[PDB]
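What follows is one structure encoded as structure tokens, with my remarks underneath.
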Amino acid sequence: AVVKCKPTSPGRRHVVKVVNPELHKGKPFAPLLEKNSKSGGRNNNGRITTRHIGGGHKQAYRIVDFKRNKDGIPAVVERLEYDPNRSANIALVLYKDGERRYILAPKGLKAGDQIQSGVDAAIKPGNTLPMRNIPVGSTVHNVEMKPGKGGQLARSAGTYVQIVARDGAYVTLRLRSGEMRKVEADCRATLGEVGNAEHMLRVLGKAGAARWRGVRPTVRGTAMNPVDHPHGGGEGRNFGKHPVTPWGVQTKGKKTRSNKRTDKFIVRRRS
Amino acid sequence: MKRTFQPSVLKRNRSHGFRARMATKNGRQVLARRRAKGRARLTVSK
RNA sequence: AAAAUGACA
RNA sequence: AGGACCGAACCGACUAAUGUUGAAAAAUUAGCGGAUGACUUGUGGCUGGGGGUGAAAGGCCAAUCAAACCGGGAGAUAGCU
RNA sequence: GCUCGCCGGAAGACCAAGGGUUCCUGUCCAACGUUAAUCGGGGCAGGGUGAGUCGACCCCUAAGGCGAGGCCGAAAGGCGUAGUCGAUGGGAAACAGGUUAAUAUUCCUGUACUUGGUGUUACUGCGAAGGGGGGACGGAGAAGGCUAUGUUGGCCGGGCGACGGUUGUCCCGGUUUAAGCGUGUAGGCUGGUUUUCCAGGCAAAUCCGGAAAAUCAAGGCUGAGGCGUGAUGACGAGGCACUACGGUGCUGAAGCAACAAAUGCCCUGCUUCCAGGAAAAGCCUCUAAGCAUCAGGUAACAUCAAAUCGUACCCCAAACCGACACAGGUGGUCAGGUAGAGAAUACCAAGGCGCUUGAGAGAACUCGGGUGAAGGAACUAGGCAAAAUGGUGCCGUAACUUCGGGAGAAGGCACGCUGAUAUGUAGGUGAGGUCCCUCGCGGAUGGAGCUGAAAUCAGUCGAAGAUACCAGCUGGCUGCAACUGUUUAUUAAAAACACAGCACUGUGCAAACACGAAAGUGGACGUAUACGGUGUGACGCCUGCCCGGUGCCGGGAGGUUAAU
RNA sequence: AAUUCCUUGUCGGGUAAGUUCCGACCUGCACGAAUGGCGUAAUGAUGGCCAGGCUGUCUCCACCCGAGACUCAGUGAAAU
RNA sequence: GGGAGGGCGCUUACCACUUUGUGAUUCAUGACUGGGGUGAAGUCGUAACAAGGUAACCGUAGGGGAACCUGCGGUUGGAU
RNA sequence: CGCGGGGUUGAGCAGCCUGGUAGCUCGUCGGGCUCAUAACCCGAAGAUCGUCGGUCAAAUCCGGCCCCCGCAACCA
Ligand SMILES: [Mg+2]
Ligand SMILES: [Mg+2]
Ligand SMILES: [Mg+2]
Ligand SMILES: [Mg+2]
Ligand SMILES: [Mg+2]
Ligand SMILES: [Mg+2]
Ligand SMILES: [Mg+2]
Ligand SMILES: [Mg+2]
Ligand SMILES: [Mg+2]
Ligand SMILES: [Mg+2]
Ligand SMILES: [Mg+2]
Ligand SMILES: [Mg+2]
Ligand SMILES: [Mg+2]
Ligand SMILES: [Mg+2]
Ligand SMILES: [Mg+2]
Ligand SMILES: [Mg+2]
Ligand SMILES: [Mg+2]
Ligand SMILES: [Mg+2]
Ligand SMILES: [Mg+2]
Ligand SMILES: [Mg+2]
Ligand SMILES: [Mg+2]
Ligand SMILES: [Mg+2]
Ligand SMILES: [Mg+2]
Ligand SMILES: [Mg+2]
Ligand SMILES: [Mg+2]
Ligand SMILES: [Mg+2]
Ligand SMILES: [Mg+2]
Ligand SMILES: [Mg+2]
Ligand SMILES: [Mg+2]
Ligand SMILES: [Mg+2]
Ligand SMILES: [Mg+2]
Ligand SMILES: [Mg+2]
Ligand SMILES: [Mg+2]
Ligand SMILES: [Mg+2]
Ligand SMILES: [Mg+2]
Ligand SMILES: [Mg+2]
Ligand SMILES: [Mg+2]
Ligand SMILES: [Mg+2]
Ligand SMILES: [Mg+2]
Ligand SMILES: [Mg+2]
Ligand SMILES: [Mg+2]
Ligand SMILES: [Mg+2]
Ligand SMILES: [Mg+2]
Ligand SMILES: [Mg+2]
Ligand SMILES: [Mg+2]
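Protein chains in written order, with UniProt numbering: chain A, 2 to 272; chain B, 1 to 46.
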């Protein structure tokens with residue numbers, strides 16, 4: 002539910018919190034946690050390569066199972082949990098043989114539900130089975146690119162993928178971005194649509210509400226000096242220039258894609 | 001006013017120490033200049 | 001197809 | 001509950017005075033702003049000069065910065081004193 | 001030696017960093033000391049640091065550095081795997097007193113504890129690079145039980161007042177004792193036991209994980225403090241004598257209760273919140289290869305070992321960073337009395353200092369302060385600076401508004417001392433008694449003593465009762481910026497930058513983009529509700545017309561056109 | 001008007017007297033819609049004006065207490 | 001000798017005049033401005049009354065020098 | 001008080017672009033439809049090019065003059 006905080010302070014006026022009571026409020030499953038170290042945008046050479054990154058809150062990476070490679074072996078959803086590394090809540094999954102993992106949460110999953118993967122699994126939200134067995138005209142998520150790679154398409158919060166047509170050994174998808182792809186018909190695709198859909202309906206409210214997330218302030222190029230940014234200069238807010246990224250490339254219109262190797266898998270460019 | 005020298009032995013030997021000079025090609029030439037000049041104490045290492 | 005207006009007694 | 005209120009530690013530097021061969025190569029005195037946060041601080045690491053870093057002033061990079069310090073080209077050049 | 005004055009959340013006491021003889025005696029005043037100097041952190045000579053338990057060393061890792069092979073690069077070299085280094089983090093053990101001119105948790109006395117080897121026995125399946133458990137982790141808030149610690153009473157020792165009183169509700173001092181070992185309380189967490197089976201813990205597993213059945217309502221873990229014991233010991237005021245007159249040797253009484261009470265302990269706990277809060281070893285357990293005599297493991301007993309390095313001294317400063325014996329800077333730990341909400345402020349104790357030139361005079365003028373007749377901003381760029389308000393309880397409080405604010409709006413009333421209510425109340429605390437009892441560090445009942453606000457009435461003194469230090473000036477109209485924040489270390493703190501919000505555009509994952517001759521890495525162990533660039537800057541009502549020019553996107557006919 | 005040269009535009013409020021300030025007129029040299037327009041309670045060591053209290057800021061200075069300034073003894077610089 | 005009691009004086013309680021600080025309401029007045037009414041042969045148009053020459057009208061929204069025009073739904077109080 | 005652009009029948013706008021050549025829309029007038037005015041239709045007139053001066057010839061080429069519209073007067 003989206004709840005608006007009362008204006009008891011100038012800086013809590015415009016705060017809308019998406020709060021989900023069902024999220025488990027204990028501690029994460031210990032054996033699935035690893036160390037996660039920040040970078041602040043610095044790489045091997047120690048220089049920043051992506052700007053406005055740093056600070057925040059210490060986090061721990063949770064081992065989310067993206068491949069979902071367990072044929073047969075039904076499982077139960079023990080609890081829902083809040084994962085700081087993503088935008089979609091995770092779910093603790095316990096199999097019949099006693100193994101526990103983490104999975105992403107489709108929108109129609111509660112605690113106590115039962116799921117199972119494999120080429121013979123039922124058609125219910127949460128199951129994983131190859132898009133060859135998945136019926137056409139369906140809405141799926143956690144899609145793969147190559148058989149057994151692990152899954153990349155439609156993983157964020159509230160998103161899904163439509164299956165439009167099945168031509169021979171290839172399946173055509175409409176992505177959440179409006180573009181149409183062809184992927185090999187042997188990719189697994191967890192069935193459903195990712196949960197936590199109210200993730201739009203939130204306003205951080207203040208500057209600190211973003212500063213404690215690993216987002217440093219950005220400074221517009223019209224304020225910079227001519228030697229720092231191409232826009233620069235000006236005695237009193239002059240522009241006179243075509244908008245450009247700090248490195249001189251044109252922004253605000255210029256297409257900048259070049260693969261020439263996967264263009265054979267594109268049906269219709271996003272529009 | 002907090003001056004520009006806040007001494008610290010550990011940071012001095014880790015940076016201007018002898019074994020700091022030896023680990024790099026440029027540092028190894030630094031010593032060979034000091035030896036050729038005829039210096040009493042070569043690097044810093046007290 | 002276009003085609004407006006006319007003091008008061 | 002609060003980038004909530006008054007206010008010492010702590011952090012800062014708005015006004016006046018003294019000081020300007022000072023006690024001090026930017027401080028003292030009386031007032032002043034923040035004080036559970038985008039806070040402050042100890043230790044140890046990383047980024048190196050047309051490069052770094054910058055809540056962006058051409059600021060800061062060892063009292064030095066519209067391109068550091070040291071050595072070398074080098075007894076550069078100087079229709080100028 | 002006697003007075004006076006100052007700090008007393010320090011100008012006191014102890015450390016890490018840093019410094020390196022500055023520490024203690026004797027000896028000297030040429031030079032250093034902003035003066036003289038018998039003095040010194042000065043010259044010269046001698047002395048001084050004692051560790052199984054405190055640290056370093058050592059075992060284990062973070063950020064990160066190095067990196068056999070390796071990948072890449074004109075040469076140098078760059079990145080990186082197995083590994084190996086790196087604390088600012090994790091891993092065994094000592095306390096009280098005495099003593100030196102100088103060291104002491106290190107020497108002496110008294111009482112302890114920890115980890116290894118070996119040996120004697122009594123039991124025994126032991127066994128790792130692997131499986132598991134634990135180490136192992138956030139911010140806020142709220143009480144509850146205690147301790148340090150302090151006040152009062154009792155007890156003991158001493159005293160009867162330089163000037164009116166002072167044999168008593170009178171005055172002064174003391175009333176201290178550890179680690180360890182037993183006990184397990186206030187509390188806090190969890191149901192335990194056994195039996196059969198299993199696609200998971202890369203192999204195995206009696207261990208974790210899972211699936212069933214019975215059984216009992218109990219068990220276990222954690223835990224401040226208290227009480228025994230250490231301790232018929234030490235400590236102890238003060239008396240006795242030597243006094244080299246610095247101190248030394250001898251003896252030694254009381255050594256108990258109440259109340260108040262932390263920011264420290266239970267608390268790594270409990271409740272709650274979103275921004276979801278290190279790793280590895282030590283330690284417990286399971287097995288594989290392997291050994292089944294052995295070897296190895298468990299417990300008791302006796303002995304041996306615990307090596308090497310630091311240990312003086314200053315540590316908010318005259319010993320460190322500032323060229324100086326510099327009005328500056330420097331992280332951590334301890335926290336007494338009265339008044340106080342307080343670590344502010346005022347006066348003090350323990351303790352430490354009077355800041356390394358003085359003595360005179362009492363002109364101008366400058367610096368820092370006190371009071372001022374009448375007028376009260378008339379000065380001035382401008383109320384700059386001074387002046388002024390300043391506390392707790394209660395009454396009362398507008399326009400506007402995003403309904404939170406505005407607001408401590410404004411403007412007012414009471415405030416000391418004594419007595420009565422009440423020979424100190426409400427409340428907190430709680431001893432003997434008394435009963436029950438799962439009999440203990442119990443449960444009810446029980447009100448002695450202790451402590452103790454607030455209020456009303458009456459009286460009383462001053463010019464004045466928040467009397468001192470400490471401690472809001474207040475309203476009206478208006479531009480800019482929504483707000484808290486950041487900025488030109490050293491003339492600019494703002495209307496500038498940032499911000500939550502909005503829009504355009506790029507980006508299908510070997511993503512766009514960036515660092516890099518390349519390998520590679522950040523983006524991200526992320527996947528269009530995500531990520532990058534650009535412009536605007538909360539919220540309300542809005543965002544009109546122009547594609548001629550300059551870019552950008554799409555087009556594929558026609559023309560012009562490079563290497564070959 | 002942070003924008004308006006002529007300009008102290010003109011009218012009104014406030015003052016004995018108002019180049020500043022508040023309200024209005026439109027004759028916009030040379031405002032104007034995300035190099036955003038017009039509003040906006042709260043906020044501000046921000047800019048402008050007004051009032052109450054208060055006062056040596058002032059008419060106009062007077063006195064007093066301290067450190068200097070002056071004399072004696074010691075040491076003893078600097079710019080030029 | 002005086003005592004009880006009373007008066008004067010002082011003192012407290014109640015309260016009139018008066019002085020403050022904030023509001024509420026009512027009456028006049030105010031640069032400039034919104035709509036309304038009346039007035040003479042003014043200017044621009046012709047919306048409505050007939051099928052008023054695009055049937056009229058109601059609600060709502062946008063646009064325009066003005067009557068008005070257009071979109072969406074609704075009524076007949078519309079001619080043929 | 002420097003540099004530009006300009007003065008054309010009643011109004012607005014060309015023709016000055018390398019010297020003979022004056023046009024477009026509106027407006028004025030005379031008739032026509034109409035009960036009548038607008039509207040519409042048919043016909044007409046109207047400038048010698050701001051002025052004063054300098055080749056076969058001048059709206060044009062040149063100078064002064066009159067007026068208008070502009071820009072620029074800055075560094076201290
Ligand atoms: Mg942004
Ligand atoms: Mg700038
Ligand atoms: Mg440039
Ligand atoms: Mg400008
Ligand atoms: Mg605050
Ligand atoms: Mg404060
Ligand atoms: Mg600063
Ligand atoms: Mg500098
Ligand atoms: Mg250069
Ligand atoms: Mg040369
Ligand atoms: Mg004192
Ligand atoms: Mg010496
Ligand atoms: Mg001397
Ligand atoms: Mg000495
Ligand atoms: Mg190691
Ligand atoms: Mg490497
Ligand atoms: Mg190699
Ligand atoms: Mg350490
Ligand atoms: Mg106690
Ligand atoms: Mg000592
Ligand atoms: Mg000092
Ligand atoms: Mg001194
Ligand atoms: Mg400090
Ligand atoms: Mg104090
Ligand atoms: Mg004097
Ligand atoms: Mg005064
Ligand atoms: Mg006076
Ligand atoms: Mg007076
Ligand atoms: Mg007055
Ligand atoms: Mg004057
Ligand atoms: Mg004046
Ligand atoms: Mg002032
Ligand atoms: Mg004052
Ligand atoms: Mg103004
Ligand atoms: Mg602001
Ligand atoms: Mg601020
Ligand atoms: Mg500055
Ligand atoms: Mg400043
Ligand atoms: Mg802006
Ligand atoms: Mg703006
Ligand atoms: Mg626009
Ligand atoms: Mg006026
Ligand atoms: Mg002299
Ligand atoms: Mg009509
Ligand atoms: Mg009509």
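Ideal placement from N, C-alpha and C gives every residue a C-beta, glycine not left out.
Check, Outcome
"Closer than 7 Å: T219 (chain A) CB and nearest ligand 1 heavy atom", "yes"
"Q29 (chain B) - DSSP class collapsed to helix/strand/coil", "helix"
"Whether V16 (chain A) touches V204 (chain A) by CB criterion (8 Å)", "yes"
"Helix, strand or coil at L10 (chain B) [DSSP, three-state]", "helix"
"Short Cβ contact (8 Å threshold) for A170 (chain A) with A186 (chain A)", "yes"
"Identity of the residue in A:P231, A:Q251, A:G119 and A:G234 nearest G149 (chain A) by Cα", "A:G119"
"CB contact flag (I54 (chain A), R217 (chain A), <8 Å)", "yes"
"Straight-line gap, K242 (chain A) to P231 (chain A) (C-alpha atoms, nearest Å)", "9 Å"
"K207 (chain A) vs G73 (chain A) beta-carbon contact at 8 Å", "no"
"Sequence-distant residues of its chain with Cβ nearer than 8 Å to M181 (chain A) (five each side left out)", "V165, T173, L174, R175, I267, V268 and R269"
"Residue span of the alpha helix (DSSP H) that contains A122 (chain A), given as start and end", "Run containing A122 (chain A): none; DSSP gives neither H nor E here."
"Beta-carbon spacing of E100 (chain A), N90 (chain A) below 8 Å", "no"
"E79 (chain A) to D66 (chain A) span [Cα, whole Å]", "15 Å"
"The beta strand (DSSP E) enclosing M225 (chain A), as first and last residue numbers", "Neither: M225 (chain A) is in no beta strand (DSSP E) and is coded neither H nor E."
"Cα-Cα separation, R33 (chain B) to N26 (chain B)", "11 Å"
"beta-carbon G109 (chain A) near ligand 4 non-hydrogen atom, thresh 7 Å", "no"
"Through-space distance from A23 (chain B) to residue 109 (chain B), alpha-carbon basis", "Outside the shown range of chain B, which is 1 to 46, sits residue 109 (chain B), and nothing can be said about it."
"Whole beta strand (DSSP E) elements within the stretch 167-242 of chain A, 3-residue minimum", "171-175, 181-185 and 189-191"
"Nearest to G127 (chain A) (by Cα), restricted to the options A:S10, A:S178 and A:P75", "A:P75"
"The stretch 42-56 of chain A / the stretch 214-228 of chain A touching (three or more Cβ pairs under 8 Å)", "yes"
"Per-residue DSSP class, three states only, for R14 (chain A)", "coil"
"Cα-Cα separation between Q115 (chain A) and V250 (chain A), rounded to whole angstroms", "52 Å"
"For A20 (chain B), the first and last residue of its enclosing alpha helix (DSSP H)", "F18 to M22"
"Inter-residue spacing [alpha-carbon to alpha-carbon] between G113 (chain A) and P107 (chain A)", "14 Å"
"Option nearest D98 (chain A) by Cα separation, candidates A:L110, A:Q117 and A:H142", "A:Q117"
"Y96 (chain A) beta carbon less than 8 Å from that of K71 (chain A)", "yes"
"Distance between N46 (chain A) and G159 (chain A) (C-alpha atoms, nearest Å)", "37 Å"
"Integer Cβ distance of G152 (chain A) from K68 (chain A), believed to fall under 8 Å", "7 Å"
"N-terminal and C-terminal residue of the beta strand (DSSP E) that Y161 (chain A) is part of", "Neither: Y161 (chain A) is in no beta strand (DSSP E) and is coded neither H nor E."
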